[PDB]
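What follows is a short report on a single structure.
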Amino acid sequence: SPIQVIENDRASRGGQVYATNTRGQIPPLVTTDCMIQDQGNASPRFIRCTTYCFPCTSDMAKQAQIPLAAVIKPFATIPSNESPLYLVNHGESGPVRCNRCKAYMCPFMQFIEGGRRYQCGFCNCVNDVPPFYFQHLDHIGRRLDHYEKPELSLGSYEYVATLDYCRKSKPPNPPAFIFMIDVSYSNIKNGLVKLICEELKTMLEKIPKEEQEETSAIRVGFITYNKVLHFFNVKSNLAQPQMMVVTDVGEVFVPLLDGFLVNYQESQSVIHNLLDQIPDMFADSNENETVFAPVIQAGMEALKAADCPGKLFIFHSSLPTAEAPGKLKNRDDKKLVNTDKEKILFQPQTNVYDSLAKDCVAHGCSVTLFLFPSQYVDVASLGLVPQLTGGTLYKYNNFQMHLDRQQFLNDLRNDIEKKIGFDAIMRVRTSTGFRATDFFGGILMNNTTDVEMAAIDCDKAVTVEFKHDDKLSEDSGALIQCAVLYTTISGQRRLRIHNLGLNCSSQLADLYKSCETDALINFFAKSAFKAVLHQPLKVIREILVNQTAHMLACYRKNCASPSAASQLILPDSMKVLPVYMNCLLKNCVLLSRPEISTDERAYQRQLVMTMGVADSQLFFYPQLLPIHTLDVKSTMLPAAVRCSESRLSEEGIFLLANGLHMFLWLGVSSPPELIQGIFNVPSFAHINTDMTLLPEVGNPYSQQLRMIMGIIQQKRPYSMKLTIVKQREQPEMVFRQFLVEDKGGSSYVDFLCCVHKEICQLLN
Amino acid sequence: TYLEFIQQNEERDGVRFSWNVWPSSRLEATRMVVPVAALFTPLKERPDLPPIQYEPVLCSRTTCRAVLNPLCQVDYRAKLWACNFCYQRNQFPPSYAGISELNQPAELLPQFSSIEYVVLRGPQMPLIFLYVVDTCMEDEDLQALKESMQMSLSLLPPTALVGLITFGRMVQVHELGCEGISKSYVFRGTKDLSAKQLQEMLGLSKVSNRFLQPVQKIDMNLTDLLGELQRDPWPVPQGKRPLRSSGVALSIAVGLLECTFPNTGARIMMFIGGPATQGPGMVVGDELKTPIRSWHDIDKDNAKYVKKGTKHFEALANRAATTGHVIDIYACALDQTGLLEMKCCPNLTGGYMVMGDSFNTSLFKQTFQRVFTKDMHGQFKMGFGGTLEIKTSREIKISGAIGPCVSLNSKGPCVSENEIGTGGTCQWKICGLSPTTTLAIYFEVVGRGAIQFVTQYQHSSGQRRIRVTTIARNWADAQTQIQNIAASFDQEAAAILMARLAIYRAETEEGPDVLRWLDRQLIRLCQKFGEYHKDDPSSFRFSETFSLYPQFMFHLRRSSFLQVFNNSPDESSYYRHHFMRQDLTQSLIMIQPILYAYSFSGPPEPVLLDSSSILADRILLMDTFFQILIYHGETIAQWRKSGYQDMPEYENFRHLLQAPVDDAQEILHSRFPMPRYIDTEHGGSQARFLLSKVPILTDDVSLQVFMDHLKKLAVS
Ligand SMILES: [Zn+2]
Ligand SMILES: [Zn+2]
């Protein structure tokens, strides 16, 4: 079971300090909370790997078929007790770099010849150190100030970027938040429009600002639309906002400069005067058709006029059908199993959404779409721009005010206050022996080499794949340096560097000893999810199973102690690799037509692509907590239980959450005592599933259940949609879709015996 | 007297024919040398006339449809009337029961030759005024234009509908009646649009809207919006002209009224402050290196924006004309604005064309409020949706028309094969007309003939009316009554009617051959109507009826109308605009300016336009229709520079200066295009304006030597 592993690693490593001083050290599991101190290598909160010990020969990599990858969360939220990142400045010369591989100054560069010159680990080239940075030595190859300067002893730090890194070699401008609202009949009726306006007044105050300044430099603009764009002039001196309506959709243009993007604190009374009227303005609107791509095309051109990056907060209702560039038809069609062209269902209908996405990223424009579907919406097409741009997609199926209100406002407060950078580019440099060849995440690329992110937050993550090049060296090992150049919310060019060393090995045993199952799944999930747009689903599913079997067959065949021909020998690191793999193969994204909406398939496919390992572990193996057993006035953590219907009692109550939904399950024999202390109603048959809002009445349990619900939501970016479920013949048919160790694909004992039948096919 | 006949028939019927006695044969009319033509003023002011208030009676024959007029013979006991054009018998409507020999209806009395009827058409439409304002100007000119636009808004009747389109780098269509907010639809200043496209983009149905709303309803909102109107925010770099999209904005103003209120009276009043720099309708490049088109630049094929530019505004004109709307242009700038391209818009519709220096001038502010001149009853002096129908006797066919009109191509028996100017029709459409509007109708031949002029229009009170003027002139046998025909020659009218043709040819594909032709006809005229022994130049004598004609031709061929290489293209298009519009009295002043002389010895007296009238002890007052010039003689200039005027002894001298200035202030209130005033004297920098107004037949030559090469050629 996965539970037995998680607790076994929580016991040996939890509550202890993990110091990253060893070269090829193996960090704990994501589930295991432990204090981290940055010595040498970067923290696993920033970057984890599939294997912390690479093979040395490319032929050996083909033998084990173990993927060499890493999951980088470059702006992960460092805890309050862990030491923060240090900012480094190398003056006018800019950060010191190698003259061959262009790698930045890091602890991996040994100083020699009296500190006069240094040799790069990545290429081994030697650079005469700039004199200002020179003149420091130690008895044994240690800069005297080696400890003082963070770029010489830490693995995570930030550089100050000179002007030759910026666009047009000129200092950048602060970004801008452009809020754009759909105002068709769909959102006027369900009361969403006035909600956005009323609650925007509150959270415009909370737009991020730095400690060094006293007021956020982020300016703010406003637009509404329904097949026709409505611009707003909210300059500081106006007592009344001006509206400029554009109908030339197709050759869209921005009709205004200086009546747009004004500092919120300056035009406060003017913006609030607008936010009170927009609800009243479109109340009697009967328009139902709307545009979409011209809205993004407009917000992009507005950011180019002010010559600054920005983030588009788009709120949309239903499918865009109005005649315009980006018009979406209803293209859902019987085309998935062995279709060989099912990949079209996961791709944008028109060819322009890719070109619009390219234009946005080039000008540092990000879009975060808040989608409120009530019918088919084509997530594959709408979400392509807010995914290629590094934004987020918030989808709320069949929005109802008395229910999903709190869920949406919690996600809007979250995406505004996110520590976000802009106009970012990533570049993963490696030592002589390998290079980065493929990339996964919300990103766009032109050069094989560079990853471009219009905006990146603390929750995004990129998964990088490595392929062997020439031969690795057992003495040096394998080195990784990730560099993210970007722009701050105060408009300052800044680099962030992550350095991670790993050790090579000529022995196949050390390969499997140093595997993280949580990270292996993150790569495999994204890997399949990207090939969905190219190859049939049954083809990809064969690739996943065969590679998993070939991995557990090479450990068995090549170096495993001789065991019986009825046993499956798996190492400690890959104890749960088959279970997790079988859960990824049961996710709806790789499944058939019946009972699964394509938009939910496209929605889940986008969500995983941006996942950090920590998240990927929860979305695929949910957490199941039994509540009835929990004893009041007890330590808060209740141990998780295996994910199956078997570990449930009719009597029992459980909590399930994968990071996006949260289910409160109730057995038919659930004790009426707990039901009264939580649901305020006497019996089990007195609960209404449709009234799934936060209940507050209670003193021992309704405070206890609400306490454990809060700690679960804590480390999770998306605020989970609560779904209360009764046992017999209720909408639990959806609840069983997350009990991933249940059949519903093959089972666990079958997949094990499946791995073993190809364990013996690779005769050895 | 025949001079009494011309003046009485002009004040009564509003017409002035080149010949008031017509030849009965087609051949001798061809050799007359001046075609039978007439200046016609359909709505010539007639305080005396009272509108009838009953439908006109028309001949029952379909192709005739002439109005009941005094020329029709009436059998009162039989209650019938014979239409004098087609001799058809017609009955009287039942309301005409009590018609008698002594209580006949008004339309049969000779005095009421021309009369106006009140049409019971049925739709009393409100007037429509659409403002199209340029924002690419300084705050001074804009703040005054804002002051002037609110003044016009205060005069419009309460039921009229108003609209506002502001254009700069982009075009804006404001929605009036916006409450607690102001919203305005915006369009690219680089793309043209159709009427259907704007109908769908603005959200409108086919055939009060949100853009055109009553005056009594939006006065508070509009006078607040015009006050808050600031200039074009888009800054202009160095050496560049502001990105002004004049042609695009006018197209939207045309299309807006085309899909909301078509086939009804309206005025598109576009105020511009400079040339159009952003097409379509582009006039000049945005960079200030490239200068404005010059009559030389345009003659060397060096104006890459004229052909495409005029073509654009030429299509907007026929769109607004066919729909029935009026395009006004109020261009005030320090350089040309594109009037040569945009001339077609206020020339085909009966719109105005006002040229000036800036809007902050008392020149413009006065001229603009003259447009809103009310009658005594309190209604504007404008007329909209004019349909001019002309019928002639079977021996007469219409060649064509020159002036503010558009052909309806109404083929009929009164349409001649050989058409002149705007021809091939007996029906024209004048979108906007005033009591001053005057057309030139040209006729042809193949007991007295008859011509009837029917004009239907919308009165500014909304009322639908028809103006009918019927006139008749006696036929003649030219082989016996040459004296009877030459006695009817209107030398004044024939001078303007011929000038009317010569200018229309200057618009036309023809070059300086107009000078060669204008002299050939003058030679032909003097050859036929002059008493002389051949080859004796001194023997040549004019009849007094023809005396002033060779002098009129002299001042015409030398005027600014045919010699454009001394003015700018926007100026030449302006002068020609007003000449094709005025009646006889003003058109003569245009060709041959009046001149007055003020002296101690004698009251003010007119004098010849030669240097022989310029004296040292005399003050001169020139009056070309476009400018007033007061000239002080050398002796009077000295007495003026010394200061004798203040001294109470010279009460006589201080009054001598006030006599021309007081009469100058008179003409600066009555004349609708307020002229440019000039206070110069002997040796002033502005004295050039008077000295200039004072094979081919002849080059630039004095009046006397022009008469001599006319004499020696008329006798050969
Ligand atoms: Zn290097
Ligand atoms: Zn008749």
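Cβ: placed from backbone, ideal geometry, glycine included. Neighbour counts: every protein chain shown. Bear in mind these aren't lab numbers, they're just calculated from the coordinates by the rules spelled out.
Dipole of the protein assembly as shown (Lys/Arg Cβ +1, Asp/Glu Cβ -1, origin at the Cα centre): which of B:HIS377, B:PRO158, B:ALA616 lies farthest to the positive side?
B:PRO158
How much FRET efficiency would the formula 1/(1 + (r/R0)^6) give for A:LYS189 and A:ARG413, where r is the Cβ-Cβ distance and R0 is 25 Å, rounded to 0.05?
The formula returns an efficiency of 0.55 here.
What residue among B:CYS86, B:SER294, B:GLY189 has its Cα farthest toward the positive end of the dipole of chain B, where the charges are +1 on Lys, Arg and -1 on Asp, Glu, each on the Cβ?
Towards the positive end, the residue furthest out is B:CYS86.
Suppose every K and R has +1 on its Cβ and every D and E has -1 on its Cβ; what is the size of the dipole of segment A:1-150 about the Cα centre, in Debye to the nearest 20? List each step's numbers first, then the result.
Working: 15 positive and 12 negative charges, 69 e Å.
Roughly 340 debye, rounded to the nearest 20.
Considering the dipole of chain A built from charges on the beta carbon (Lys and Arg +1, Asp and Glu -1) around the Cα centre, which of A:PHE292, A:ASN522, A:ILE569 is farthest to its positive end?
Value: A:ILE569.
If you rank A:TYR165, A:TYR118 by fewest surrounding Cβ atoms within 10 Å, what's the result?
Listed from fewest to most nearby Cβ atoms, that is A:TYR165, A:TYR118.
For segment A:553-559, what does the Karplus curve 6.51 cos²θ - 1.76 cosθ + 1.60, with θ = phi - 60°, yield as ³J(HN,Hα) per residue in whole Hz, taken in order and with x for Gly and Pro?
3J(HN,Hα) across segment A:553-559, in whole Hz: 8, 7, 5, 6, 5, 6, 10.
Most exposed first by the Cβ proxy, i.e. fewest other Cβ within 10 Å, how do B:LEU620, A:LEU694 rank?
Ordered from fewest to most neighbouring Cβ atoms within 10 Å, B:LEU620, A:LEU694 come out as A:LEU694, B:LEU620.
How long are the semi-axes of the equivalent ellipsoid of segment B:53-113, taking √(5λ) for every eigenvalue λ of the Cα gyration tensor, in whole Å from largest down?
17, 13, 12
How high is the FRET efficiency from A:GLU148 to A:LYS633, r the C-beta distance, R0 56 Å, rounded to 0.05? Display every interim value, and only then the final one.
Numbers: r = 49 Å, r/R0 = 0.88.
The calculated FRET efficiency here is 0.70.
Fewest to most neighbouring Cβ within 10 Å: what's the order for B:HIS682, B:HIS459?
Details: B:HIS682 16, B:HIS459 21.
Ordered by Cβ neighbours within 10 Å, fewest first: B:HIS682, B:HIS459.
May I ask you to derive the relative contact order of segment A:622-742, considering only C-alpha pairs under 8 Å and at least 6 residues apart, and to give it as an integer percent? Each step should come with its number before you reach the end.
On the way: 193 pairs, mean separation 35.9, N = 121.
Relative contact order here is 30 percent.
Cross-link candidates for B:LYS365: which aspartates and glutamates have Cα within less than 13 Å, leaving aside residues fewer than 8 places away along the same chain?
B:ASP141, B:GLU147, B:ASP357
Which far-off residues, 5 or more places away or on another chain, put their amide H under 5 Å from the one on A:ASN263, with H placed in the peptide plane?
Those qualifying (amide H under 5 Å, at least 5 residues apart or on another chain) are A:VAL220.
Go ahead and estimate [θ] at 222 nm for the protein assembly as shown from helices alone: -39,500 (n - 2.57) per DSSP H run with n ≥ 4, summed, over the residue count, rounded to 500.
Per the formula, -8500 deg cm²/dmol.
In the neighborhood of B:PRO291, defined by Cβ-to-Cβ distances under 14 Å, what is the net charge if each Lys or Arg adds +1 and each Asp or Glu adds -1?
Within the 14 Å Cβ shell, the charges total +1.
For segment B:98-169, run through the GluC sites (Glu not before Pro) and keep only the ones in DSSP coil with at most 13 other Cβ atoms within 10 Å of their Cβ. Intermediate results must be reported in sequence, preceding the final value.
On the way: sites: B:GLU101, B:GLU107, B:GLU116, B:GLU138, B:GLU140, B:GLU147; in loops: B:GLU101, B:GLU138.
Within segment B:98-169, the qualifying GluC sites (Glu not before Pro) (loop, at most 13 other Cβ atoms within 10 Å) are B:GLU101, B:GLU138.
Cα to Cα, under 21 Å, and not fewer than 8 places away if on the same chain: which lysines meet these conditions relative to B:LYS397?
Qualifying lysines at Cα under 21 Å: B:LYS411, B:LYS429.
Over 29 Å between Cα atoms, which of B:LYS146/B:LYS183; B:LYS44/B:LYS391; A:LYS194/A:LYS530 qualify?
Check vs 29 Å cut-off fails for A:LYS194/A:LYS530.
How many percent of all Cα-Cα pairs in the protein assembly as shown sit more than 52 Å apart? Let's see the in-between values first.
Numbers: 556015 of 1094460 pairs.
Of all Cα-Cα pairs in the protein assembly as shown, 51 percent lie more than 52 Å apart.
In whole angstrom, how far apart do the alpha carbon centroids of segment B:111-145 and segment A:168-234 sit?
45 Å
Given charges of +1 on the Cβ of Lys and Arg and -1 on the Cβ of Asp and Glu, with all other atoms neutral, how large is the dipole of segment B:592-700 about its Cα centre, in debye to the nearest 20? Display every interim value, and only then the final one.
Details: 8 positive and 15 negative charges, 53 e Å.
The calculated dipole for segment B:592-700 is roughly 260 debye.
How big is the Rg/Rh ratio for chain A, C-alpha atoms only, Rh by Kirkwood, two decimals?
0.97
Once you sort the root eigenvalues of the Cα gyration tensor of segment B:310-367 as a ≥ b ≥ c, which label holds: rounded (a/c under 1.5), prolate (a/b larger than b/c) or oblate (the other case)?
Judged from the Cα gyration tensor, segment B:310-367 comes out oblate (a/c at least 1.5, b/c at or above a/b).
Kirkwood hydrodynamic radius, segment A:482-585, all distinct C-alpha pairs: what's the number in Å?
It is 16.8 Å.
Go through B:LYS343/B:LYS381; A:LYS168/A:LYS418; A:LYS341/A:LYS538; B:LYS307/B:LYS343; A:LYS395/A:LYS586 and tell me which ones have a Cα-Cα distance over 18 Å in this structure.
Exceeds cut-off: B:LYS343/B:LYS381; A:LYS168/A:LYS418; A:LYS395/A:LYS586.
Dipole magnitude of chain B about its Cα centre, charges +1 at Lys/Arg Cβ and -1 at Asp/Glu Cβ only, in debye to the nearest 20?
Value, rounded to 20: 2420 debye.
To check you understand DSSP bridge types, tell me what percent of the beta bridges within the protein assembly as shown (both residues inside) are antiparallel, rounded to 5.
70 percent
Taking all pairs of different Cα atoms in segment B:122-217, averaging 1/r and flipping that mean, what Kirkwood radius in angstroms comes out?
Radius from the Kirkwood sum: 15.1 Å.
Percent antiparallel among DSSP beta bridges with both residues in chain A, to the nearest 5?
Here the antiparallel bridges make up roughly 65 percent for chain A.
Would you list, by chain and number, the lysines whose Cα falls below 22 Å from the Cα of B:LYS240, excluding same-chain residues fewer than 8 positions away?
In chain and number order, the partners are B:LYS191, B:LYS289, B:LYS304, B:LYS308.
What is the distance in Å between the Cα centres of segment B:1-79 and segment B:253-314?
40 Å
Applying 1/(1 + (r/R0)^6) with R0 = 41 Å to the Cβ-Cβ distance of B:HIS377 and B:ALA315, what FRET efficiency is obtained, to the nearest 0.05?
0.60
Any idea how far the Cα center of segment A:606-635 sits from the one of segment A:511-534, in Å?
If you average the Cα positions of each part, the centres end up 20 Å apart.
Which far-off residues, 5 or more places away or on another chain, put their amide H under 5 Å from the one on B:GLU444, with H placed in the peptide plane?
Here the answer is B:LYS397, B:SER399, since their amide H atoms fall under 5 Å of that of B:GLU444.
Tell me, what is a quarter of the convex hull surface for the C-alpha atoms of segment B:433-474, in nm² with one decimal? Don't skip to the answer; put the middle values down first.
Values: hull surface 16.6 nm².
Over all viewing directions, segment B:433-474 projects a mean Cα-hull area of 4.1 nm².
Under Stokes-Einstein, with the Kirkwood radius over Cα pairs standing in for Rh, what whole-number D in µm²/s applies to segment A:573-640 at 37 °C and 0.692 mPa s? Write out the running numbers ahead of the final one.
Values: Rh = 14.6 Å.
The diffusion coefficient I find is 225 µm²/s.
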